[PDB]
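Note sheet for the following structure.
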Amino acid sequence: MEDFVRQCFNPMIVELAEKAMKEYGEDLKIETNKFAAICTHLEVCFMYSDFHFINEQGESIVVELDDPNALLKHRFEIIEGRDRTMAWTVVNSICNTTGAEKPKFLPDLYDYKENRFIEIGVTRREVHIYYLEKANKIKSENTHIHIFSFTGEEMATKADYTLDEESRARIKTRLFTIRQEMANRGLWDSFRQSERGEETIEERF
Amino acid sequence: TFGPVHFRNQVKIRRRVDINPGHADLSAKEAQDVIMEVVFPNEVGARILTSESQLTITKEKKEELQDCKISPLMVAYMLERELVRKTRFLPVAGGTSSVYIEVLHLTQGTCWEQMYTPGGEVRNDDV
Amino acid sequence: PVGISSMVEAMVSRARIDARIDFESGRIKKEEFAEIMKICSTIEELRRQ
Amino acid sequence: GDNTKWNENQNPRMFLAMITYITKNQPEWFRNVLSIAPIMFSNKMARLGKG
RNA sequence: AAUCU
């Protein structure tokens, strides 16, 4: 399974995913499908952020590739593709500038138009229970939520959608490609995953 | 307010006593995160502040020290000397509170007591 | 401090973040933003190669 | 009282005995990370100096 | 009426 996620994704995704897995304190071999889920999260966040630039207002103007000029301002700031310290630093800087509320757990992005955080999630099981799990974890929240599903249907709070529908379609095309290229290999069965294994490892001197 | 001097036979006993009594609410683990939020508000990380006394002290010291340029390190050192507690073993006669231990070289000797009463306000636990 | 990244990585990252947050509502104008982002880019071209 | 030649009589092997009695019924990694100092001070050497 | 290095 590790071989597949090393083949499909470009090496930046797997690089940062292995970095984050090492920071977690896990073993890549004892826990594998988490690695692939992390890669998918990274990729959809990158696509949600890329192909988006800002105008004088918000509500992203989209480009094929950014034009060379002073207008370098991205509408979206990425948080999860980072070390722990730098991510919390971004969060605290934002919360101290705009007077926003401080989350208890790291979101994945920050949007400047509506001025709030975003916590994307991707799940095999369909939405409306994982949504409330995300919600009762993210308590007393203003951070928007935008969760995807491998089938092709999404969800959000207040029926609010923070970008175009074409970028959503792009995410969904990549996601469905992932799922039914997985089905060719026969490893889709092992995606019902949970954190297991005794990490209280014996000390050895 | 000074008073007379009395010569007599004095017995001192060695005891642990407070130099700095600290803030009674902060427990010396919250105080360091308070110091962090006041002086270094973006480099604090995930720690939210919970107690109300933390928020009170934070807003007070944050509006006082708004745009100072003394140094963050010295401000932090002095806030520590303000908030965290600090003890020492010494030979003591008379009073054991901190306001009476900073002047123990003047109030108490080997043969003489010097009556003295500091000027500020006193905590009622001591009383 | 705590971290595993090289010092230059954290340094240039924080430079970019502070630039953005200080341009959005505050002191930094567009010229400074573009110039220091250019310098960050050259720092990357020096470290990664 | 003072003791004469206190630092020359005291042997590291007695310290290893003491260590192995104090780590009695403990994990072997602990017993093995505390047993190394008296070993290394039983096979020690000494530079003589300037000359 | 005290138990914090």
Is there a residue being under 23 Å from C:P1 (Cβ atoms) and acidic (D, E) anywhere in the stretch B:8-28?
no
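So that you can scan it fast, the table gives a plain yes or no per residue for (1) closer than 30 Å to A:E203 by Cβ; (2) free of Cβ contacts under 8 Å to residues at least 12 places away in the same chain:
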| position | (1), (2) |
| --- | --- |
| D:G1 | no, yes |
| D:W6 | no, yes |
| D:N9 | no, yes |
| D:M14 | yes, yes |
| D:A17 | yes, yes |
| D:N25 | yes, yes |
| D:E28 | yes, yes |
| D:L34 | yes, no |
| D:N43 | yes, yes |
Looking only at the stretch A:22-34, count every residue that is assigned to a helix (DSSP H, G or I) and closer than 22 Å to A:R179 by Cβ and tell me the total.
2
Being in contact with a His (Cβ under 8 Å, 6 or more places away or on another chain) and either in a helix (DSSP H, G or I) or closer than 22 Å to A:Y24 by Cβ (or both) is the filter here; which residues of the stretch A:147-205 pass it?
A:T157, A:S167
Go through the stretch B:26-53 residue by residue and tally those that are more than 14 Å from chain A (Cβ to nearest Cβ) and either among the polar types (S, T, N, Q) or surrounded by 12 or more Cβ atoms within 10 Å (Cβ to Cβ) (or both).
10
Report yes if B:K61 is surrounded by fewer than 14 Cβ atoms within 10 Å (Cβ to Cβ) and basic (K, R), otherwise no.
no
In this structure, does A:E119 turn out to be in contact (Cβ under 8 Å) with a residue 12 or more places away in the chain and not basic (K, R)?
yes
Take A:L132 and decide whether it is out of contact with any strand residue (DSSP E or B) (no Cβ under 6 Å at 6 or more places or on another chain) and either farther than 27 Å from C:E9 by Cα or assigned to a strand (DSSP E or B) (or both).
yes
Go through the stretch A:78-91 and give me each residue that's free of Cβ contacts under 8 Å to residues at least 40 places away in the same chain and within 11 Å of chain B (Cβ to nearest Cβ).
A:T85, A:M86, A:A87, A:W88, A:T89, A:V90, A:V91
Restricting attention to the stretch A:62-77, does a residue exist that is away from every other protein chain (no Cβ under 11 Å), polar (S, T, N, Q) and over 21 Å from the mean Cα position of the chain (by Cα)?
no
Could you pull out every one of the helices (runs of 4 or more DSSP H) wholly within the stretch B:9-127 that has 2 or more residues that are within 13 Å of RNA strand E (Cβ to nearest atom)?
B:30-39, B:72-83
If we scan the stretch C:23-44, do we find a residue that is at the interface with chain A (Cβ under 7 Å from one of its Cβ atoms), surrounded by 10 or more Cβ atoms within 10 Å (Cβ to Cβ), on the phi > 0 side of the Ramachandran plot and out of contact with any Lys or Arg (no Cβ under 7 Å at 6 or more places or on another chain)?
no
Looking only at helices (runs of 4 or more DSSP H) that lie completely in chain D, which have at least 1 residues being among the aromatic types (F, W, Y)?
D:6-9, D:12-22, D:28-33
The residue from A:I118, A:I94, A:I30 that alone is of a type in the set (A, V, I, L, M) and within 12 Å of another protein chain (Cβ to nearest Cβ) is A:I94
Of all the residues that make up the stretch C:7-19, how many are touching a helix residue (DSSP H, G or I) at 6+ places or on another chain (Cβ under 8 Å) and either among the hydrophobic types (A, V, I, L, M, F, W, C) or at the interface with chain A (Cβ under 8 Å from one of its Cβ atoms) (or both)?
9
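The rows are residues; the columns are (1) within 14 Å of chain A (Cβ to nearest Cβ); (2) within 12 Å of the chain's Cα centre (by Cα); (3) at positive phi; (4) of a type in the set (K, R).
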position: D:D2; (1), (2), (3), (4): no, no, no, no
position: D:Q10; (1), (2), (3), (4): no, yes, no, no
position: D:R13; (1), (2), (3), (4): no, yes, no, yes
position: D:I22; (1), (2), (3), (4): no, no, no, no
position: D:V33; (1), (2), (3), (4): yes, no, no, no
position: D:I36; (1), (2), (3), (4): yes, yes, no, no
position: D:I39; (1), (2), (3), (4): yes, yes, no, no
position: D:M45; (1), (2), (3), (4): no, no, no, no
Do we have any residue at all in the stretch A:35-58 that's without any contact (Cβ under 8 Å) to a residue 24 or more places away in the chain, within 13 Å of chain C (Cβ to nearest Cβ) and within 26 Å of A:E166 (Cα to Cα)?
yes
Among the residues of the stretch A:19-47, what is the count of those that are surrounded by 20 or more Cβ atoms within 10 Å (Cβ to Cβ) and of a type in the set (D, E)?
1
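Note that we place each Cβ from the backbone using ideal geometry, even for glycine, and neighbour counts take in every protein chain shown. All of the numbers you see were taken from the coordinates with simple rules; none came from a lab.
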